[PDB]
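Visitor: Input structure: query-v2.tsv, which contains TSV, N, CA and C atoms.
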```tsv
chain	number	residue	atom	x	y	z
A	1	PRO	N	0.87	-1.22	0.00
A	1	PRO	CA	0.00	0.00	0.00
A	1	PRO	C	0.89	1.25	0.00
A	2	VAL	N	0.68	2.12	-0.95
A	2	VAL	CA	1.50	3.36	-1.03
A	2	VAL	C	0.71	4.42	-1.81
A	3	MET	N	0.73	5.64	-1.35
A	3	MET	CA	-0.05	6.71	-2.03
A	3	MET	C	0.89	7.65	-2.79
A	4	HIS	N	0.50	8.08	-3.96
A	4	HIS	CA	1.36	9.00	-4.76
A	4	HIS	C	0.46	9.94	-5.58
A	5	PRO	N	-0.11	10.93	-4.92
A	5	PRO	CA	-0.99	11.90	-5.60
A	5	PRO	C	-0.18	12.70	-6.63
A	6	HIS	N	-0.80	13.07	-7.73
A	6	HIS	CA	-0.07	13.84	-8.77
A	6	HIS	C	0.70	14.99	-8.12
A	7	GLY	N	1.97	15.09	-8.39
A	7	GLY	CA	2.78	16.19	-7.79
A	7	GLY	C	2.59	16.20	-6.28
A	8	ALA	N	3.20	15.27	-5.59
A	8	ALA	CA	3.06	15.24	-4.10
A	8	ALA	C	4.17	14.34	-3.53
A	9	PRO	N	4.20	14.16	-2.23
A	9	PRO	CA	5.22	13.32	-1.59
A	9	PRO	C	4.75	11.86	-1.63
A	10	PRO	N	5.64	10.91	-1.79
A	10	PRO	CA	5.21	9.52	-1.78
A	10	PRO	C	4.81	9.11	-0.36
A	11	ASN	N	3.56	9.26	-0.02
A	11	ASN	CA	3.13	8.88	1.36
A	11	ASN	C	2.97	7.37	1.43
A	12	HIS	N	4.05	6.70	1.70
A	12	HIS	CA	4.02	5.22	1.80
A	12	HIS	C	3.34	4.82	3.10
A	13	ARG	N	2.82	3.61	3.17
A	13	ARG	CA	2.11	3.15	4.41
A	13	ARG	C	2.90	2.00	5.05
A	14	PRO	N	3.78	2.30	5.98
A	14	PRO	CA	4.58	1.27	6.64
A	14	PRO	C	3.71	0.56	7.70
A	15	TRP	N	3.98	0.77	8.95
A	15	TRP	CA	3.19	0.11	10.04
A	15	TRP	C	3.50	-1.39	10.07
A	16	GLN	N	3.99	-1.93	8.98
A	16	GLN	CA	4.31	-3.39	8.96
A	16	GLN	C	4.99	-3.73	7.63
A	17	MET	N	5.86	-2.89	7.13
A	17	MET	CA	6.50	-3.21	5.82
A	17	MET	C	7.41	-4.42	6.00
A	18	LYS	N	7.53	-4.89	7.21
A	18	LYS	CA	8.41	-6.06	7.48
A	18	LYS	C	7.78	-7.33	6.90
A	19	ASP	N	6.67	-7.20	6.22
A	19	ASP	CA	6.03	-8.40	5.59
A	19	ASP	C	6.51	-8.50	4.15
A	20	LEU	N	6.68	-7.41	3.46
A	20	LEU	CA	7.21	-7.52	2.09
A	20	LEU	C	8.66	-7.98	2.23
A	21	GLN	N	9.30	-7.60	3.31
A	21	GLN	CA	10.69	-8.04	3.55
A	21	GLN	C	10.68	-9.56	3.66
A	22	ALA	N	9.73	-10.10	4.37
A	22	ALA	CA	9.63	-11.58	4.49
A	22	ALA	C	9.69	-12.20	3.09
A	23	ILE	N	9.14	-11.50	2.12
A	23	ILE	CA	9.16	-11.99	0.72
A	23	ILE	C	10.52	-11.64	0.11
A	24	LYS	N	11.23	-10.74	0.75
A	24	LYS	CA	12.59	-10.38	0.30
A	24	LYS	C	13.56	-11.46	0.80
A	25	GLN	N	13.47	-11.93	2.01
A	25	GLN	CA	14.47	-12.97	2.41
A	25	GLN	C	14.29	-14.19	1.50
A	26	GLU	N	13.06	-14.41	1.07
A	26	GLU	CA	12.72	-15.60	0.23
A	26	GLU	C	13.22	-15.48	-1.23
A	27	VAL	N	13.31	-14.30	-1.80
A	27	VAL	CA	13.82	-14.27	-3.20
A	27	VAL	C	15.25	-14.80	-3.12
A	28	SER	N	15.85	-14.54	-1.98
A	28	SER	CA	17.24	-15.02	-1.76
A	28	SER	C	17.19	-16.54	-1.92
A	29	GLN	N	16.69	-17.24	-0.91
A	29	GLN	CA	16.52	-18.74	-0.95
A	29	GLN	C	16.74	-19.32	-2.35
A	30	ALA	N	16.02	-18.79	-3.32
A	30	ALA	CA	16.13	-19.30	-4.72
A	30	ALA	C	17.25	-18.61	-5.50
A	31	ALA	N	17.23	-18.75	-6.79
A	31	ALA	CA	18.26	-18.11	-7.64
A	31	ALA	C	17.84	-16.64	-7.84
A	32	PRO	N	18.71	-15.82	-8.38
A	32	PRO	CA	18.39	-14.40	-8.60
A	32	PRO	C	17.01	-14.29	-9.28
A	33	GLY	N	15.96	-14.25	-8.50
A	33	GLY	CA	14.58	-14.15	-9.07
A	33	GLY	C	14.03	-15.56	-9.26
A	34	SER	N	14.13	-16.08	-10.44
A	34	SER	CA	13.65	-17.46	-10.71
A	34	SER	C	12.13	-17.54	-10.41
A	35	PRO	N	11.49	-18.64	-10.77
A	35	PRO	CA	10.05	-18.81	-10.51
A	35	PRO	C	9.77	-18.75	-9.01
A	36	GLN	N	10.56	-19.43	-8.23
A	36	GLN	CA	10.37	-19.46	-6.74
A	36	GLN	C	9.89	-18.10	-6.22
A	37	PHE	N	10.37	-17.02	-6.80
A	37	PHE	CA	9.97	-15.68	-6.30
A	37	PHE	C	8.44	-15.66	-6.17
A	38	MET	N	7.81	-16.10	-7.23
A	38	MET	CA	6.33	-16.16	-7.31
A	38	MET	C	5.78	-16.95	-6.14
A	39	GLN	N	6.43	-18.01	-5.78
A	39	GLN	CA	5.95	-18.85	-4.66
A	39	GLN	C	5.61	-17.97	-3.46
A	40	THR	N	6.51	-17.12	-3.08
A	40	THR	CA	6.24	-16.23	-1.90
A	40	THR	C	5.42	-15.02	-2.34
A	41	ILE	N	5.67	-14.46	-3.48
A	41	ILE	CA	4.80	-13.33	-3.91
A	41	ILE	C	3.42	-13.90	-4.21
A	42	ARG	N	3.31	-15.20	-4.29
A	42	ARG	CA	1.98	-15.80	-4.54
A	42	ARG	C	1.17	-15.72	-3.26
A	43	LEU	N	1.68	-16.29	-2.20
A	43	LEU	CA	0.94	-16.30	-0.91
A	43	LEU	C	0.82	-14.88	-0.35
A	44	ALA	N	1.62	-13.96	-0.80
A	44	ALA	CA	1.51	-12.56	-0.27
A	44	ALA	C	0.53	-11.77	-1.13
A	45	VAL	N	0.58	-11.91	-2.42
A	45	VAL	CA	-0.38	-11.15	-3.27
A	45	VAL	C	-1.71	-11.91	-3.31
A	46	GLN	N	-1.68	-13.19	-3.08
A	46	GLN	CA	-2.95	-13.98	-3.11
A	46	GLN	C	-3.65	-13.89	-1.75
A	47	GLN	N	-2.92	-13.65	-0.69
A	47	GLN	CA	-3.57	-13.59	0.65
A	47	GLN	C	-4.08	-12.19	0.95
A	48	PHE	N	-3.18	-11.24	1.04
A	48	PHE	CA	-3.59	-9.85	1.37
A	48	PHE	C	-4.01	-9.08	0.12
A	49	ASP	N	-3.94	-9.70	-1.05
A	49	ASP	CA	-4.35	-8.99	-2.33
A	49	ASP	C	-4.26	-7.46	-2.18
A	50	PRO	N	-3.06	-6.95	-2.06
A	50	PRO	CA	-2.86	-5.50	-1.88
A	50	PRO	C	-3.49	-4.73	-3.05
A	51	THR	N	-3.77	-3.47	-2.85
A	51	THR	CA	-4.38	-2.66	-3.93
A	51	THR	C	-3.32	-2.35	-4.99
A	52	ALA	N	-3.72	-1.87	-6.14
A	52	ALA	CA	-2.72	-1.56	-7.19
A	52	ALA	C	-1.64	-0.65	-6.59
A	53	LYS	N	-1.98	0.02	-5.53
A	53	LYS	CA	-1.00	0.92	-4.85
A	53	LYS	C	0.31	0.18	-4.61
A	54	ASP	N	0.28	-0.87	-3.82
A	54	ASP	CA	1.51	-1.67	-3.58
A	54	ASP	C	2.24	-1.90	-4.90
A	55	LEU	N	1.56	-2.41	-5.88
A	55	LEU	CA	2.23	-2.67	-7.20
A	55	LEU	C	3.08	-1.46	-7.59
A	56	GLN	N	2.72	-0.29	-7.13
A	56	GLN	CA	3.53	0.92	-7.47
A	56	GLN	C	4.86	0.86	-6.73
A	57	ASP	N	4.83	0.70	-5.43
A	57	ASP	CA	6.10	0.65	-4.64
A	57	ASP	C	6.60	-0.79	-4.51
A	58	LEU	N	5.83	-1.76	-4.93
A	58	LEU	CA	6.29	-3.18	-4.83
A	58	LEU	C	7.01	-3.54	-6.12
A	59	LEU	N	6.62	-2.92	-7.20
A	59	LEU	CA	7.28	-3.18	-8.51
A	59	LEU	C	8.39	-2.15	-8.71
A	60	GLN	N	8.30	-1.01	-8.07
A	60	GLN	CA	9.36	0.02	-8.25
A	60	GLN	C	10.47	-0.17	-7.20
A	61	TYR	N	10.18	-0.85	-6.11
A	61	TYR	CA	11.21	-1.05	-5.04
A	61	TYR	C	11.67	-2.51	-5.02
A	62	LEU	N	10.75	-3.44	-5.00
A	62	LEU	CA	11.14	-4.88	-4.96
A	62	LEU	C	11.77	-5.29	-6.30
A	63	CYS	N	11.31	-4.71	-7.38
A	63	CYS	CA	11.89	-5.04	-8.72
A	63	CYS	C	12.74	-3.86	-9.18
A	64	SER	N	12.74	-3.55	-10.45
A	64	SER	CA	13.51	-2.36	-10.91
A	64	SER	C	13.02	-1.92	-12.29
A	65	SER	N	13.50	-0.80	-12.76
A	65	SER	CA	13.07	-0.26	-14.08
A	65	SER	C	12.91	-1.37	-15.12
A	66	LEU	N	13.97	-2.03	-15.49
A	66	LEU	CA	13.88	-3.10	-16.53
A	66	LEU	C	12.76	-4.09	-16.19
A	67	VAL	N	12.96	-4.93	-15.20
A	67	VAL	CA	11.95	-5.99	-14.86
A	67	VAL	C	10.53	-5.48	-15.12
A	68	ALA	N	10.16	-4.40	-14.48
A	68	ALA	CA	8.81	-3.80	-14.67
A	68	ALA	C	8.54	-3.58	-16.16
A	69	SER	N	9.54	-3.19	-16.88
A	69	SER	CA	9.37	-2.94	-18.34
A	69	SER	C	8.70	-4.14	-19.02
A	70	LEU	N	9.37	-5.26	-19.05
A	70	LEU	CA	8.79	-6.45	-19.73
A	70	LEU	C	7.86	-7.22	-18.79
A	71	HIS	N	8.03	-7.18	-17.49
A	71	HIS	CA	7.10	-7.98	-16.64
A	71	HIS	C	5.65	-7.67	-17.07
A	72	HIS	N	5.38	-6.39	-17.26
A	72	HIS	CA	4.02	-5.99	-17.67
A	72	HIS	C	3.81	-6.39	-19.13
A	73	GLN	N	4.83	-6.28	-19.98
A	73	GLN	CA	4.63	-6.71	-21.41
A	73	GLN	C	3.82	-8.00	-21.39
A	74	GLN	N	4.18	-8.94	-20.54
A	74	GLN	CA	3.37	-10.18	-20.45
A	74	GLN	C	1.93	-9.71	-20.30
A	75	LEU	N	1.62	-9.18	-19.12
A	75	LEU	CA	0.28	-8.55	-18.86
A	75	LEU	C	-0.27	-7.85	-20.11
A	76	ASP	N	0.41	-6.82	-20.57
A	76	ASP	CA	-0.05	-6.05	-21.79
A	76	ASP	C	-0.91	-6.92	-22.70
A	77	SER	N	-0.27	-7.85	-23.34
A	77	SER	CA	-0.97	-8.77	-24.26
A	77	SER	C	-1.76	-9.79	-23.45
A	78	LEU	N	-1.28	-10.16	-22.28
A	78	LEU	CA	-2.02	-11.19	-21.51
A	78	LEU	C	-3.49	-10.78	-21.46
A	79	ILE	N	-3.74	-9.54	-21.10
A	79	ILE	CA	-5.13	-9.04	-21.08
A	79	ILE	C	-5.71	-9.30	-22.47
A	80	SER	N	-5.03	-8.87	-23.50
A	80	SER	CA	-5.57	-9.09	-24.87
A	80	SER	C	-6.08	-10.53	-25.00
A	81	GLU	N	-5.31	-11.50	-24.59
A	81	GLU	CA	-5.77	-12.91	-24.72
A	81	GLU	C	-6.58	-13.33	-23.49
A	82	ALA	N	-6.37	-12.71	-22.36
A	82	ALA	CA	-7.12	-13.19	-21.16
A	82	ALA	C	-8.61	-12.97	-21.37
A	83	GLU	N	-8.92	-11.84	-21.98
A	83	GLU	CA	-10.33	-11.47	-22.22
A	83	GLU	C	-10.83	-12.11	-23.51
A	84	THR	N	-9.96	-12.35	-24.46
A	84	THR	CA	-10.43	-13.02	-25.70
A	84	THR	C	-11.03	-14.36	-25.29
A	85	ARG	N	-10.30	-15.09	-24.49
A	85	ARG	CA	-10.74	-16.42	-23.99
A	85	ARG	C	-12.22	-16.41	-23.67
A	86	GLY	N	-12.68	-15.41	-22.96
A	86	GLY	CA	-14.13	-15.35	-22.58
A	86	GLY	C	-14.26	-15.11	-21.07
A	87	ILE	N	-13.64	-14.08	-20.56
A	87	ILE	CA	-13.75	-13.78	-19.10
A	87	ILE	C	-15.22	-13.46	-18.80
A	88	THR	N	-15.70	-12.47	-19.48
A	88	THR	CA	-17.12	-12.04	-19.31
A	88	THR	C	-17.47	-11.01	-20.38
A	89	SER	N	-17.25	-11.32	-21.63
A	89	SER	CA	-17.58	-10.32	-22.69
A	89	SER	C	-16.99	-8.97	-22.28
A	90	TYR	N	-16.03	-9.01	-21.38
A	90	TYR	CA	-15.35	-7.78	-20.86
A	90	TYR	C	-16.35	-6.68	-20.47
A	91	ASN	N	-16.23	-6.16	-19.27
A	91	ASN	CA	-17.16	-5.09	-18.80
A	91	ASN	C	-16.39	-3.96	-18.07
A	92	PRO	N	-15.63	-4.25	-17.00
A	92	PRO	CA	-14.92	-3.20	-16.25
A	92	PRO	C	-13.50	-2.99	-16.77
A	93	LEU	N	-12.89	-3.99	-17.36
A	93	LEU	CA	-11.49	-3.80	-17.86
A	93	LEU	C	-11.45	-2.49	-18.62
A	94	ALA	N	-12.30	-2.40	-19.62
A	94	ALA	CA	-12.45	-1.17	-20.48
A	94	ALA	C	-11.63	0.01	-19.91
A	95	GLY	N	-11.85	0.32	-18.66
A	95	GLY	CA	-11.09	1.42	-17.99
A	95	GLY	C	-9.62	0.99	-17.82
A	96	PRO	N	-8.86	1.71	-17.02
A	96	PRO	CA	-7.44	1.35	-16.80
A	96	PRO	C	-7.39	0.04	-16.00
A	97	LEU	N	-6.25	-0.55	-15.73
A	97	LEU	CA	-6.28	-1.82	-14.93
A	97	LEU	C	-6.42	-1.47	-13.44
A	98	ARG	N	-5.49	-0.72	-12.91
A	98	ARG	CA	-5.55	-0.31	-11.46
A	98	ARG	C	-7.01	-0.02	-11.06
A	99	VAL	N	-7.78	0.37	-12.02
A	99	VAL	CA	-9.22	0.70	-11.78
A	99	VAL	C	-10.03	-0.58	-11.51
A	100	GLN	N	-9.93	-1.59	-12.32
A	100	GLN	CA	-10.75	-2.80	-12.05
A	100	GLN	C	-10.48	-3.32	-10.63
A	101	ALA	N	-9.24	-3.52	-10.25
A	101	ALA	CA	-9.00	-4.06	-8.88
A	101	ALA	C	-9.17	-2.95	-7.84
A	102	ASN	N	-8.72	-1.76	-8.09
A	102	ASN	CA	-8.94	-0.70	-7.07
A	102	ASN	C	-10.43	-0.36	-7.03
A	103	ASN	N	-11.28	-1.35	-7.18
A	103	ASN	CA	-12.76	-1.11	-7.18
A	103	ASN	C	-13.45	-2.07	-6.18
A	104	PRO	N	-13.81	-1.59	-5.00
A	104	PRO	CA	-14.48	-2.45	-4.00
A	104	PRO	C	-15.76	-3.06	-4.60
A	105	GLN	N	-16.33	-2.44	-5.59
A	105	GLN	CA	-17.58	-3.00	-6.20
A	105	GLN	C	-17.21	-4.14	-7.15
A	106	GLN	N	-16.55	-3.85	-8.24
A	106	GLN	CA	-16.17	-4.93	-9.20
A	106	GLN	C	-14.83	-5.54	-8.77
A	107	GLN	N	-14.85	-6.46	-7.85
A	107	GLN	CA	-13.58	-7.10	-7.39
A	107	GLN	C	-13.28	-8.36	-8.21
A	108	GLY	N	-14.19	-8.79	-9.04
A	108	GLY	CA	-13.91	-10.02	-9.85
A	108	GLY	C	-12.54	-9.87	-10.52
A	109	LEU	N	-12.35	-8.78	-11.22
A	109	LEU	CA	-11.06	-8.54	-11.90
A	109	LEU	C	-9.94	-8.35	-10.86
A	110	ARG	N	-10.23	-8.53	-9.60
A	110	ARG	CA	-9.16	-8.42	-8.56
A	110	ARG	C	-8.64	-9.84	-8.29
A	111	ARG	N	-9.50	-10.81	-8.33
A	111	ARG	CA	-9.04	-12.21	-8.15
A	111	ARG	C	-8.50	-12.70	-9.49
A	112	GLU	N	-9.02	-12.19	-10.58
A	112	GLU	CA	-8.50	-12.61	-11.91
A	112	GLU	C	-7.20	-11.84	-12.20
A	113	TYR	N	-7.25	-10.53	-12.10
A	113	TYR	CA	-6.02	-9.72	-12.37
A	113	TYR	C	-4.88	-10.20	-11.48
A	114	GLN	N	-5.18	-10.84	-10.37
A	114	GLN	CA	-4.09	-11.34	-9.49
A	114	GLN	C	-3.57	-12.66	-10.06
A	115	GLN	N	-4.44	-13.43	-10.65
A	115	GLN	CA	-4.01	-14.72	-11.24
A	115	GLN	C	-3.15	-14.45	-12.48
A	116	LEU	N	-3.42	-13.38	-13.18
A	116	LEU	CA	-2.60	-13.05	-14.38
A	116	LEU	C	-1.38	-12.25	-13.92
A	117	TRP	N	-1.46	-11.68	-12.75
A	117	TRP	CA	-0.32	-10.90	-12.20
A	117	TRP	C	0.83	-11.86	-11.86
A	118	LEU	N	0.53	-12.94	-11.20
A	118	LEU	CA	1.61	-13.91	-10.86
A	118	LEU	C	1.99	-14.68	-12.12
A	119	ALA	N	1.09	-14.80	-13.06
A	119	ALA	CA	1.46	-15.50	-14.32
A	119	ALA	C	2.50	-14.64	-15.04
A	120	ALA	N	2.55	-13.38	-14.70
A	120	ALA	CA	3.57	-12.47	-15.30
A	120	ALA	C	4.71	-12.35	-14.29
A	121	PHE	N	4.54	-12.91	-13.11
A	121	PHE	CA	5.62	-12.86	-12.07
A	121	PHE	C	6.27	-14.25	-11.94
A	122	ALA	N	5.64	-15.27	-12.48
A	122	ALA	CA	6.23	-16.64	-12.43
A	122	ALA	C	6.82	-16.96	-13.80
A	123	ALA	N	6.42	-16.25	-14.81
A	123	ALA	CA	6.99	-16.48	-16.16
A	123	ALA	C	8.10	-15.45	-16.35
A	124	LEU	N	8.37	-14.70	-15.31
A	124	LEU	CA	9.40	-13.64	-15.39
A	124	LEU	C	10.70	-14.19	-16.02
A	125	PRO	N	11.34	-15.17	-15.35
A	125	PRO	CA	12.60	-15.75	-15.85
A	125	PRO	C	12.40	-16.25	-17.27
A	126	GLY	N	11.45	-17.12	-17.46
A	126	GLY	CA	11.22	-17.67	-18.82
A	126	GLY	C	10.20	-16.85	-19.61
A	127	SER	N	10.47	-15.57	-19.79
A	127	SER	CA	9.57	-14.72	-20.66
A	127	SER	C	9.74	-13.21	-20.38
A	128	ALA	N	10.42	-12.83	-19.34
A	128	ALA	CA	10.59	-11.37	-19.07
A	128	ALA	C	11.39	-11.22	-17.78
A	129	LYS	N	12.68	-11.08	-17.87
A	129	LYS	CA	13.51	-10.95	-16.64
A	129	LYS	C	14.98	-10.95	-17.04
A	130	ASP	N	15.81	-10.85	-16.07
A	130	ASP	CA	17.28	-10.89	-16.28
A	130	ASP	C	17.87	-11.65	-15.08
A	131	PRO	N	17.72	-12.97	-15.06
A	131	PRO	CA	18.23	-13.80	-13.95
A	131	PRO	C	19.76	-13.78	-13.99
A	132	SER	N	20.30	-12.93	-14.81
A	132	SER	CA	21.77	-12.75	-14.84
A	132	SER	C	22.07	-11.67	-13.81
A	133	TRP	N	21.07	-11.39	-12.99
A	133	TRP	CA	21.18	-10.36	-11.91
A	133	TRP	C	19.81	-10.21	-11.25
A	134	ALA	N	18.78	-10.12	-12.07
A	134	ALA	CA	17.37	-10.00	-11.56
A	134	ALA	C	17.34	-9.18	-10.26
```
Have the structure of the file written as structure tokens, please.

Guide:
Amino acid sequence: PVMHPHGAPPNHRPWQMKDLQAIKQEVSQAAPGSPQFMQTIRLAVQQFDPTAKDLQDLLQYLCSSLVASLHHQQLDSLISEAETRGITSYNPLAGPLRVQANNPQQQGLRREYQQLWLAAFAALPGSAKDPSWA
């Protein structure tokens, strides 16, 4: 969870940032990134399903410029095919993504956008990453 209003200070929400760290000791355990990363980012993004906010400071701090670059490329087109498949004749996606999940009303795309989020975080090494440092 982190707030970043247009032209303002990054008002991050700590109070317990020692939980993303728990996912930091675990990226270690495995190889520089590797699928295993998803294993812990799975139970952390699948359990507390943080708002798109975290993705802002979780992808900009836990990852880095490059990774985020292609990590989303997966997503980019993933949505193109995720909705082609037949999610629901598409209804809320239409808007931006952070919008579908940052929506207490239409949360369906929050459990789905999370399933495609780790599919772009577990395919990182084999489709978008640099395990030569990661």

Visitor: May I ask for the distance between CA of residue 106 (chain A) and atom N of residue 18 (chain A), given in Å to one decimal place?

Guide: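 Straight-line distance from CA of residue 106 (chain A) to atom N of residue 18 (chain A) works out to 28.8 Å.
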
Visitor: Which parts of chain A does DSSP call strand (DSSP E) when run on the backbone here, written out as a VMD selection string?

Guide: chain A and resid 2 to 3 11 to 12

Visitor: Save out the residues we just selected, N, CA and C atoms, as a PDB file, in the frame of the given file.

Guide:
```
ATOM      1  N   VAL A   2       0.680   2.120  -0.950  1.00  0.00           N
ATOM      2  CA  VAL A   2       1.500   3.360  -1.030  1.00  0.00           C
ATOM      3  C   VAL A   2       0.710   4.420  -1.810  1.00  0.00           C
ATOM      4  N   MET A   3       0.730   5.640  -1.350  1.00  0.00           N
ATOM      5  CA  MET A   3      -0.050   6.710  -2.030  1.00  0.00           C
ATOM      6  C   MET A   3       0.890   7.650  -2.790  1.00  0.00           C
ATOM      7  N   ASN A  11       3.560   9.260  -0.020  1.00  0.00           N
ATOM      8  CA  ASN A  11       3.130   8.880   1.360  1.00  0.00           C
ATOM      9  C   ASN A  11       2.970   7.370   1.430  1.00  0.00           C
ATOM     10  N   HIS A  12       4.050   6.700   1.700  1.00  0.00           N
ATOM     11  CA  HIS A  12       4.020   5.220   1.800  1.00  0.00           C
ATOM     12  C   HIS A  12       3.340   4.820   3.100  1.00  0.00           C
TER      13      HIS A  12
END
```

Visitor: Find the spatial neighbours of region 40-49 of chain A, counting all atoms listed in the file, within a cut-off of 8 Å - ignore same-chain residues fewer than 6 positions away - and output them as a compact mmCIF listing (two decimals) with N, CA and C atoms, in the coordinates of the input.

Guide:
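Produced file around34.txt, reproduced below:
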```
# COMPACT_ATOMS: atom_id res chain seq x y z
N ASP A 19 6.67 -7.20 6.22
CA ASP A 19 6.03 -8.40 5.59
C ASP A 19 6.51 -8.50 4.15
N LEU A 20 6.68 -7.41 3.46
CA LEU A 20 7.21 -7.52 2.09
C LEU A 20 8.66 -7.98 2.23
N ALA A 22 9.73 -10.10 4.37
CA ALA A 22 9.63 -11.58 4.49
C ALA A 22 9.69 -12.20 3.09
N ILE A 23 9.14 -11.50 2.12
CA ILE A 23 9.16 -11.99 0.72
C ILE A 23 10.52 -11.64 0.11
N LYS A 24 11.23 -10.74 0.75
CA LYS A 24 12.59 -10.38 0.30
C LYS A 24 13.56 -11.46 0.80
N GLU A 26 13.06 -14.41 1.07
CA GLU A 26 12.72 -15.60 0.23
C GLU A 26 13.22 -15.48 -1.23
N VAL A 27 13.31 -14.30 -1.80
CA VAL A 27 13.82 -14.27 -3.20
C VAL A 27 15.25 -14.80 -3.12
N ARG A 110 -10.23 -8.53 -9.60
CA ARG A 110 -9.16 -8.42 -8.56
C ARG A 110 -8.64 -9.84 -8.29
N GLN A 114 -5.18 -10.84 -10.37
CA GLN A 114 -4.09 -11.34 -9.49
C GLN A 114 -3.57 -12.66 -10.06
N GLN A 115 -4.44 -13.43 -10.65
CA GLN A 115 -4.01 -14.72 -11.24
C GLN A 115 -3.15 -14.45 -12.48
N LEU A 118 0.53 -12.94 -11.20
CA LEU A 118 1.61 -13.91 -10.86
C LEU A 118 1.99 -14.68 -12.12
```

Visitor: Nearest residue to residue 116 (chain A) out of A:79, A:102, A:88, A:93, using all atoms listed in the file?

Guide: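 For residue 116 (chain A), the nearest of the given residues is A:79.
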
Visitor: If you measure from CA of residue 125 (chain A) to CA of residue 35 (chain A), what distance in Å do you get, rounded to one decimal?

Guide: 6.7 Å

Visitor: Measure the distance from CA of residue 14 (chain A) to atom N of residue 100 (chain A) in Å and round it to one decimal.

Guide: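 Interatomic distance, CA of residue 14 (chain A) to atom N of residue 100 (chain A): 24.0 Å.
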
Visitor: Which of these, A:71, A:123, A:128, A:94, has the shortest distance to residue 55 (chain A) once you count only C-alpha atoms?

Guide: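 Ranking A:71, A:123, A:128, A:94 by distance to residue 55 (chain A), first place goes to A:71.
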
Visitor: Find, counting only N, CA and C atoms, the residue in A:124, A:3, A:87, A:109 that gets nearest to residue 53 (chain A).

Guide: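 The answer is A:3, which sits nearest to residue 53 (chain A).
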
Visitor: What's the 8 Å shell around residue 75 (chain A), counting all atoms listed in the file, without same-chain residues fewer than 3 positions away, as a ChimeraX atom specification?

Guide: /A:70-72,78-81,116-117,119-121

Visitor: For each of A:108, A:86, A:50, A:96, take the minimum atom-to-atom distance to residue 1 (chain A), counting all atoms listed in the file, then give the residue where this is smallest.

Guide: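 Of A:108, A:86, A:50, A:96, the one nearest residue 1 (chain A), counting all atoms listed in the file, is A:50.
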
Visitor: Using all atoms listed in the file, determine which residues lie at most 6.5 Å from region 66-69 of chain A, disregarding the query and same-chain residues fewer than 5 positions distant; provide the list as a PyMOL selection string.

Guide: chain A and resi 59+128-130

Visitor: Between A:17, A:62, A:122, A:52, single out the one closest to residue 74 (chain A), counting only C-alpha atoms.

Guide: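 Of A:17, A:62, A:122, A:52, the one nearest residue 74 (chain A) is A:122, counting only C-alpha atoms.
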
Visitor: For residue 127 (chain A), which residue out of A:25, A:56, A:51, A:73 is the nearest one, using only C-alpha atoms?

Guide: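 Comparing A:25, A:56, A:51, A:73 against residue 127 (chain A), the winner is A:73.
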
Visitor: Taking all atoms of region 18-23 of chain A that the file lists and extending 4 Å past them on each side, where is the centre of the axis-aligned box and how long are its edges? Answer in Å to one decimal, as AutoDock Vina command-line options.

Guide:
```
--center_x 8.4 --center_y -8.5 --center_z 3.8 --size_x 12.7 --size_y 15.3 --size_z 15.4
```
